[PDB]
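Asker: Pasting protein_7.cif below, which is mmCIF, N, CA and C atoms.
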```
data_run
loop_
_atom_site.label_atom_id
_atom_site.label_comp_id
_atom_site.auth_asym_id
_atom_site.auth_seq_id
_atom_site.Cartn_x
_atom_site.Cartn_y
_atom_site.Cartn_z
N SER A 576 -76.06 -25.16 10.53
CA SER A 576 -77.46 -25.07 10.12
C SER A 576 -77.68 -25.64 8.72
N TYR A 577 -76.75 -25.36 7.81
CA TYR A 577 -76.87 -25.75 6.41
C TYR A 577 -76.66 -27.25 6.22
N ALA A 578 -77.40 -27.84 5.27
CA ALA A 578 -77.17 -29.23 4.89
C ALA A 578 -75.92 -29.34 4.02
N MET A 579 -75.41 -30.55 3.86
CA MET A 579 -74.20 -30.78 3.06
C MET A 579 -74.44 -30.64 1.56
N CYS A 580 -73.45 -30.09 0.86
CA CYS A 580 -73.46 -30.08 -0.60
C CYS A 580 -73.25 -31.52 -1.11
N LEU A 581 -74.10 -31.97 -2.03
CA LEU A 581 -74.04 -33.35 -2.49
C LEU A 581 -73.42 -33.48 -3.88
N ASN A 582 -73.14 -32.35 -4.51
CA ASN A 582 -72.66 -32.38 -5.89
C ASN A 582 -71.14 -32.23 -6.00
N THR A 583 -70.69 -31.74 -7.15
CA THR A 583 -69.25 -31.65 -7.44
C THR A 583 -68.67 -30.24 -7.32
N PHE A 584 -67.40 -30.19 -6.94
CA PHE A 584 -66.64 -28.94 -6.87
C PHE A 584 -65.58 -28.92 -7.96
N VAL A 585 -65.20 -27.73 -8.41
CA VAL A 585 -64.07 -27.57 -9.32
C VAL A 585 -63.01 -26.63 -8.71
N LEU A 586 -61.74 -26.98 -8.86
CA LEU A 586 -60.64 -26.17 -8.34
C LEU A 586 -60.39 -24.99 -9.28
N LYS A 587 -60.33 -23.78 -8.74
CA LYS A 587 -60.24 -22.59 -9.61
C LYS A 587 -58.83 -22.08 -9.79
N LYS A 588 -57.91 -22.54 -8.95
CA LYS A 588 -56.53 -22.11 -9.08
C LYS A 588 -55.57 -22.94 -8.26
N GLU A 589 -54.29 -22.71 -8.53
CA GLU A 589 -53.22 -23.43 -7.87
C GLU A 589 -53.39 -23.33 -6.36
N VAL A 590 -53.16 -24.45 -5.70
CA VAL A 590 -53.21 -24.54 -4.26
C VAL A 590 -51.90 -23.96 -3.72
N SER A 591 -51.91 -23.42 -2.51
CA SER A 591 -50.68 -22.86 -1.96
C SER A 591 -50.65 -22.93 -0.43
N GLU A 592 -49.46 -22.80 0.16
CA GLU A 592 -49.31 -22.99 1.59
C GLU A 592 -48.82 -21.72 2.27
N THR A 593 -49.42 -21.40 3.41
CA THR A 593 -49.05 -20.21 4.20
C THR A 593 -47.93 -20.49 5.19
N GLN A 594 -47.57 -19.45 5.94
CA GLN A 594 -46.54 -19.54 6.96
C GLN A 594 -46.91 -20.57 8.03
N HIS A 595 -48.18 -20.60 8.40
CA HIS A 595 -48.65 -21.51 9.45
C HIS A 595 -48.78 -22.96 8.98
N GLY A 596 -48.43 -23.22 7.72
CA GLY A 596 -48.58 -24.55 7.16
C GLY A 596 -50.02 -24.90 6.79
N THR A 597 -50.88 -23.89 6.69
CA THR A 597 -52.22 -24.14 6.15
C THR A 597 -52.23 -23.97 4.64
N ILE A 598 -53.22 -24.60 4.01
CA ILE A 598 -53.32 -24.63 2.57
C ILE A 598 -54.51 -23.80 2.17
N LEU A 599 -54.34 -23.07 1.07
CA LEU A 599 -55.41 -22.21 0.56
C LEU A 599 -55.98 -22.85 -0.69
N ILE A 600 -57.30 -23.06 -0.69
CA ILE A 600 -58.00 -23.74 -1.77
C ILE A 600 -59.19 -22.89 -2.24
N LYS A 601 -59.26 -22.59 -3.53
CA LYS A 601 -60.37 -21.82 -4.08
C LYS A 601 -61.21 -22.73 -4.97
N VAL A 602 -62.48 -22.90 -4.64
CA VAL A 602 -63.34 -23.82 -5.39
C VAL A 602 -64.60 -23.16 -5.90
N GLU A 603 -65.21 -23.80 -6.89
CA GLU A 603 -66.50 -23.38 -7.41
C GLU A 603 -67.38 -24.62 -7.38
N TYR A 604 -68.67 -24.44 -7.13
CA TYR A 604 -69.57 -25.57 -6.93
C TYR A 604 -70.45 -25.79 -8.17
N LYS A 605 -70.76 -27.04 -8.47
CA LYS A 605 -71.50 -27.34 -9.69
C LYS A 605 -72.89 -27.91 -9.44
N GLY A 606 -73.35 -27.85 -8.20
CA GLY A 606 -74.65 -28.38 -7.83
C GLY A 606 -75.72 -27.32 -7.74
N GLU A 607 -76.96 -27.75 -7.52
CA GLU A 607 -78.10 -26.83 -7.48
C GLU A 607 -78.67 -26.71 -6.07
N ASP A 608 -78.02 -27.36 -5.11
CA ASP A 608 -78.52 -27.45 -3.74
C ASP A 608 -77.88 -26.45 -2.77
N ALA A 609 -77.35 -25.35 -3.30
CA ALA A 609 -76.82 -24.28 -2.46
C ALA A 609 -77.97 -23.41 -1.97
N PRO A 610 -77.80 -22.75 -0.81
CA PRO A 610 -76.59 -22.80 0.03
C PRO A 610 -76.43 -24.15 0.73
N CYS A 611 -75.18 -24.57 0.91
CA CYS A 611 -74.87 -25.86 1.51
C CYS A 611 -73.44 -25.87 2.07
N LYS A 612 -73.17 -26.82 2.96
CA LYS A 612 -71.88 -26.94 3.63
C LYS A 612 -70.91 -27.75 2.79
N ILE A 613 -69.69 -27.25 2.65
CA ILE A 613 -68.69 -27.97 1.86
C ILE A 613 -68.12 -29.16 2.64
N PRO A 614 -68.30 -30.37 2.10
CA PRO A 614 -67.74 -31.56 2.75
C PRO A 614 -66.23 -31.58 2.62
N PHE A 615 -65.53 -31.74 3.75
CA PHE A 615 -64.08 -31.71 3.77
C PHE A 615 -63.53 -32.88 4.59
N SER A 616 -62.57 -33.60 4.03
CA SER A 616 -61.93 -34.71 4.73
C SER A 616 -60.50 -34.87 4.23
N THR A 617 -59.71 -35.68 4.93
CA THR A 617 -58.34 -35.96 4.51
C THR A 617 -58.09 -37.47 4.47
N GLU A 618 -57.25 -37.91 3.55
CA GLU A 618 -56.98 -39.34 3.34
C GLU A 618 -55.50 -39.63 3.10
N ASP A 619 -55.08 -40.85 3.43
CA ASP A 619 -53.76 -41.35 3.06
C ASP A 619 -53.79 -41.83 1.60
N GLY A 620 -52.72 -42.49 1.16
CA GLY A 620 -52.63 -42.97 -0.21
C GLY A 620 -53.63 -44.06 -0.56
N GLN A 621 -53.94 -44.93 0.39
CA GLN A 621 -54.85 -46.04 0.14
C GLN A 621 -56.31 -45.75 0.52
N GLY A 622 -56.61 -44.50 0.86
CA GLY A 622 -57.98 -44.07 1.08
C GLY A 622 -58.54 -44.01 2.49
N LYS A 623 -57.74 -44.29 3.52
CA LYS A 623 -58.27 -44.24 4.88
C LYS A 623 -58.06 -42.89 5.56
N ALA A 624 -58.98 -42.54 6.47
CA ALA A 624 -59.03 -41.21 7.09
C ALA A 624 -57.73 -40.74 7.74
N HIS A 625 -57.65 -39.42 7.94
CA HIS A 625 -56.43 -38.75 8.39
C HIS A 625 -56.74 -37.59 9.34
N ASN A 626 -55.72 -36.78 9.65
CA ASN A 626 -55.75 -35.81 10.74
C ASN A 626 -55.77 -34.33 10.32
N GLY A 627 -56.81 -33.92 9.59
CA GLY A 627 -56.88 -32.55 9.10
C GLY A 627 -58.10 -31.79 9.58
N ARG A 628 -58.03 -30.47 9.56
CA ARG A 628 -59.13 -29.65 10.05
C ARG A 628 -59.33 -28.40 9.20
N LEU A 629 -60.54 -27.86 9.22
CA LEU A 629 -60.79 -26.61 8.53
C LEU A 629 -60.39 -25.44 9.42
N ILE A 630 -59.95 -24.36 8.79
CA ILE A 630 -59.75 -23.10 9.48
C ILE A 630 -60.96 -22.20 9.19
N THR A 631 -61.32 -22.06 7.91
CA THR A 631 -62.59 -21.42 7.53
C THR A 631 -63.66 -21.97 8.46
N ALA A 632 -63.82 -23.29 8.40
CA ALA A 632 -64.49 -24.09 9.44
C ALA A 632 -66.03 -23.99 9.59
N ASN A 633 -66.66 -23.10 8.84
CA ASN A 633 -68.03 -23.34 8.36
C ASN A 633 -68.05 -22.86 6.93
N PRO A 634 -67.24 -23.51 6.09
CA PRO A 634 -67.15 -23.17 4.68
C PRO A 634 -68.43 -23.61 4.00
N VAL A 635 -69.04 -22.69 3.27
CA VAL A 635 -70.34 -22.91 2.64
C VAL A 635 -70.36 -22.32 1.24
N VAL A 636 -71.09 -22.97 0.35
CA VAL A 636 -71.40 -22.41 -0.95
C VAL A 636 -72.68 -21.60 -0.81
N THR A 637 -72.59 -20.30 -1.06
CA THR A 637 -73.76 -19.43 -0.99
C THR A 637 -74.44 -19.31 -2.35
N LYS A 638 -73.63 -19.10 -3.39
CA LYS A 638 -74.13 -19.06 -4.75
C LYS A 638 -73.29 -19.98 -5.63
N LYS A 639 -73.95 -20.83 -6.41
CA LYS A 639 -73.24 -21.74 -7.30
C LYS A 639 -72.19 -21.02 -8.14
N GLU A 640 -72.52 -19.82 -8.59
CA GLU A 640 -71.68 -19.08 -9.54
C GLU A 640 -70.52 -18.34 -8.87
N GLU A 641 -70.45 -18.42 -7.54
CA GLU A 641 -69.49 -17.63 -6.77
C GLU A 641 -68.50 -18.52 -6.01
N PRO A 642 -67.20 -18.35 -6.30
CA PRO A 642 -66.14 -19.19 -5.74
C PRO A 642 -66.06 -19.07 -4.24
N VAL A 643 -65.51 -20.09 -3.59
CA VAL A 643 -65.34 -20.09 -2.15
C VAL A 643 -63.87 -20.32 -1.84
N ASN A 644 -63.33 -19.49 -0.95
CA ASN A 644 -61.95 -19.66 -0.50
C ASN A 644 -61.90 -20.46 0.80
N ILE A 645 -61.23 -21.61 0.76
CA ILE A 645 -61.12 -22.48 1.91
C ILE A 645 -59.69 -22.40 2.44
N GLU A 646 -59.56 -22.45 3.76
CA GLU A 646 -58.24 -22.59 4.37
C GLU A 646 -58.28 -23.81 5.28
N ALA A 647 -57.28 -24.68 5.16
CA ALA A 647 -57.34 -25.96 5.86
C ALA A 647 -55.98 -26.24 6.45
N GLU A 648 -55.93 -26.99 7.54
CA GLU A 648 -54.66 -27.38 8.12
C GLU A 648 -54.49 -28.89 7.94
N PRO A 649 -53.69 -29.30 6.94
CA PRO A 649 -53.63 -30.73 6.65
C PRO A 649 -52.67 -31.36 7.64
N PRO A 650 -52.68 -32.70 7.71
CA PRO A 650 -51.70 -33.35 8.58
C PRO A 650 -50.28 -33.17 8.07
N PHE A 651 -49.32 -33.40 8.96
CA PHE A 651 -47.92 -33.41 8.54
C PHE A 651 -47.63 -34.54 7.57
N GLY A 652 -46.70 -34.27 6.67
CA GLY A 652 -46.30 -35.25 5.67
C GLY A 652 -47.26 -35.24 4.51
N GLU A 653 -47.38 -36.36 3.81
CA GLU A 653 -48.22 -36.42 2.62
C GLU A 653 -49.66 -36.74 2.97
N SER A 654 -50.59 -35.98 2.40
CA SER A 654 -51.99 -36.33 2.59
C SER A 654 -52.75 -35.93 1.36
N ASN A 655 -53.99 -36.39 1.31
CA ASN A 655 -54.92 -35.98 0.27
C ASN A 655 -56.11 -35.27 0.88
N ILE A 656 -56.28 -34.01 0.50
CA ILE A 656 -57.42 -33.23 0.95
C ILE A 656 -58.57 -33.50 -0.03
N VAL A 657 -59.72 -33.89 0.51
CA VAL A 657 -60.86 -34.26 -0.30
C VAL A 657 -61.99 -33.26 -0.06
N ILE A 658 -62.46 -32.66 -1.14
CA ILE A 658 -63.51 -31.65 -1.05
C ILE A 658 -64.70 -32.17 -1.83
N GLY A 659 -65.81 -32.37 -1.13
CA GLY A 659 -66.95 -33.03 -1.74
C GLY A 659 -66.94 -34.50 -1.36
N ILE A 660 -67.89 -35.25 -1.90
CA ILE A 660 -68.07 -36.63 -1.48
C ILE A 660 -67.95 -37.65 -2.61
N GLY A 661 -67.57 -38.87 -2.24
CA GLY A 661 -67.57 -40.01 -3.14
C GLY A 661 -66.64 -39.91 -4.33
N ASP A 662 -66.97 -40.66 -5.38
CA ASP A 662 -66.37 -40.44 -6.68
C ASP A 662 -66.64 -38.99 -7.03
N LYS A 663 -65.85 -38.43 -7.94
CA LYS A 663 -66.05 -37.04 -8.35
C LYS A 663 -65.51 -36.02 -7.34
N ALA A 664 -65.38 -36.40 -6.07
CA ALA A 664 -64.82 -35.47 -5.09
C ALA A 664 -63.48 -34.97 -5.59
N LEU A 665 -63.19 -33.68 -5.36
CA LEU A 665 -61.89 -33.11 -5.69
C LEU A 665 -60.88 -33.61 -4.68
N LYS A 666 -59.75 -34.11 -5.17
CA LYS A 666 -58.70 -34.63 -4.29
C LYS A 666 -57.41 -33.90 -4.60
N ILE A 667 -56.81 -33.32 -3.56
CA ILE A 667 -55.60 -32.52 -3.71
C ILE A 667 -54.50 -33.13 -2.86
N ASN A 668 -53.42 -33.55 -3.50
CA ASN A 668 -52.32 -34.18 -2.78
C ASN A 668 -51.36 -33.09 -2.30
N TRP A 669 -50.92 -33.16 -1.05
CA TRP A 669 -50.05 -32.10 -0.53
C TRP A 669 -49.08 -32.66 0.49
N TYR A 670 -47.90 -32.05 0.60
CA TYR A 670 -46.93 -32.50 1.60
C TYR A 670 -46.62 -31.34 2.54
N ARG A 671 -46.93 -31.52 3.83
CA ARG A 671 -46.73 -30.47 4.83
C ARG A 671 -45.50 -30.76 5.66
N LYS A 672 -44.51 -29.88 5.58
CA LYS A 672 -43.34 -29.98 6.45
C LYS A 672 -43.49 -29.05 7.65
N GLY A 673 -42.98 -29.46 8.81
CA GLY A 673 -42.84 -28.57 9.96
C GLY A 673 -41.46 -27.92 9.98
N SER A 674 -41.11 -27.25 11.07
CA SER A 674 -39.82 -26.55 11.09
C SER A 674 -38.63 -27.47 11.34
N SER A 675 -37.51 -27.15 10.69
CA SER A 675 -36.25 -27.84 10.92
C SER A 675 -35.84 -27.73 12.38
#
```
Here is the file; what I need is its structure written in the form of structure tokens.
Answerer:
Amino acid sequence: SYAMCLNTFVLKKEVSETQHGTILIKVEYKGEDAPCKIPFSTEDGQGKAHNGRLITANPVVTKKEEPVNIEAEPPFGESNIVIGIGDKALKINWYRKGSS
């Protein structure tokens, strides 16, 4: 239902990985257009799309002043999780291993 957030996000703490190989990301939003949907995508090193998905999966900013906890399942190996759009988007590099 919500439109996309068009502004910038800030990372509030160290990123971390769960047992299921999902990543936990805590962000704060710097725009005035909340409530809005958090734009989420994944990229390779040279900037082309990749194979990641949200677990939260309707992650939204309700109040600008209030952090949002995102859980995401990035692709295997190295990827860049991108939160927000364009330049200024937060980009988090991560390497996901599967089981030996």
Asker: Can you find the residues with an atom no farther than 7 Å from (-53.8, -25.9, -6.1), counting all atoms listed in the file, and report them as a list in words?
Answerer: residues 588, 589, 590, 591, 599, 600 and 601 of chain A
Asker: Do you know which residues the PyMOL selection byres ((chain A and resi 641) around 6.5) returns on this file, as a list in words?
Answerer: residues 602, 603, 604, 638, 639, 640, 642 and 643 of chain A
Asker: Considering all atoms listed in the file, can you say which of A:584, A:611, A:667, A:644 comes closest to residue 631 of chain A?
Answerer: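 Comparing A:584, A:611, A:667, A:644 against residue 631 of chain A, the winner is A:644.
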Asker: Nearest to residue 653 of chain A: which of A:636, A:675, A:668, A:606 is it, counting all atoms listed in the file?
Answerer: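 Among A:636, A:675, A:668, A:606, it is A:668 that comes nearest to residue 653 of chain A.
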Asker: Under the rule that all atoms listed in the file are counted, which of A:674, A:618, A:628, A:587 is the nearest residue to residue 656 of chain A?
Answerer: A:618
Asker: Quick one: everything within 7 Å of segment 669-672 of chain A, counting only C-alpha atoms, minus sequence neighbours fewer than 3 positions away in the same chain. Send it as a PyMOL selection string.
Answerer: chain A and resi 596+650-655
Asker: Name the residues of segment 616-655 of chain A that fall into strand (DSSP E) according to DSSP on the backbone, using the chain letters and numbers of this document, as a list in words.
Answerer: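 Restricting segment 616-655 of chain A to strand (DSSP E) produces residues 616, 617, 618, 628, 629, 635, 636, 643, 644, 645, 646, 647, 648, 652, 653, 654 and 655 of chain A.
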Asker: Please list, as a list in words, the residues that have an atom at most 12 Å away from (-65.7, -25.7, 9.4) in the coordinates of this file, counting only C-alpha atoms.
Answerer: residues 576, 577, 579, 612, 613, 614, 615, 616, 627, 628, 629, 630, 631, 632, 633, 634, 635, 645, 646, 647 and 648 of chain A
Asker: Between atom CA of residue 673 of chain A and atom CA of residue 598 of chain A, what is the distance in Å, rounded to a tenth?
Answerer: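 Calculated distance between atom CA of residue 673 of chain A and atom CA of residue 598 of chain A is 13.4 Å.
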Asker: Here is a test: counting all atoms listed in the file, which residue of A:586, A:649, A:664, A:658 is nearest to residue 625 of chain A?
Answerer: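 For residue 625 of chain A, the nearest of the given residues is A:649.
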Asker: Atom N of residue 581 of chain A and atom N of residue 609 of chain A are how many Å apart?
Answerer: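 Computing the Euclidean distance for atom N of residue 581 of chain A and atom N of residue 609 of chain A yields 7.5 Å.
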Asker: Go through A:580, A:620, A:626, A:594 and flag the residue nearest residue 608 of chain A, using only C-alpha atoms for the distances.
Answerer: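 Among the listed residues, A:580 lies closest to residue 608 of chain A.
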Asker: Which value, in Å to one decimal, gives the distance between atom N of residue 578 of chain A and atom N of residue 624 of chain A?
Answerer: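 Calculated distance between atom N of residue 578 of chain A and atom N of residue 624 of chain A is 23.6 Å.
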